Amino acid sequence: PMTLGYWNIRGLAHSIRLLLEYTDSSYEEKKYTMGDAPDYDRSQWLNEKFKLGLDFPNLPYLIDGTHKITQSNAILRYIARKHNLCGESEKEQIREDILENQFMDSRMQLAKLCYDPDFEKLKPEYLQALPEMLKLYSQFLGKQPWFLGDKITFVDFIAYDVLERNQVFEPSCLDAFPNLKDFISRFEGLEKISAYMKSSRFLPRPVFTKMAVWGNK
């Protein structure tokens, strides 16, 4: 009944699919397929972009009855509130807002690099900064199981996605940060997550679109 639309890519829908599975949401998925170079045909999307009742037609989108949602973060927040997977105290909401935005910034830095035709020249640059970036997240998590404390929340589904895809970009990057390694194990070990990661539905790759220099397959 619920419908998640997005490319046949991990990208921005990863955290979402994971949240939908963790919350036991009843949903199905509409996967749009982009053609290959040099056109990268998007007609499969464009042909019904403005025919879905979306206020701001975009990918990913979530259609839950009367609620038609765009913007990944908004889609996550919607499902999160629906299952009380949100920060409660003021301190938890602050950390929740800071993280939601920080991780998106980090997500975009990697995407920017990977889509750039000068990926090879720019990559060293990114690798140099990775330890510093990871360290801030590591310090923030500290001895806590989840980014907001004792309860798992939606930022954890985001945290997971960007931290893990960095692990696949540079496998050794998390070695110096035990807690982030444990975060990833802790998350993948969750009952509903583990089961889903074994199913056919699980789509960890490709990370990006066919337009990427890295992660395109």
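One-based numbering along the sequence shown.
- Higher mean CA temperature factor, per the PDB entry, when comparing 204-212 with 12-20: 204-212.
- Stretches compared: 98-106, 78-86. Higher mean C-alpha B-factor in the entry: 78-86.
- Among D182, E191, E170, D156, the highest C-alpha B-factor recorded in the PDB entry belongs to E191.
- Of the candidates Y61, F187, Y40, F56, the one whose C-alpha carries the top B factor in the deposited record is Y40.
- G35: CA B factor lies in the highest third for its chain, per the PDB record.
- Annotation for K135: CA B-factor lies in the lowest third of the chain's modelled residues.
- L46: CA B factor lies in the highest third for its chain, per the PDB record.
- Sort the chain's modelled residues by C-alpha temperature factor and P117 lands in the highest third, per the entry.
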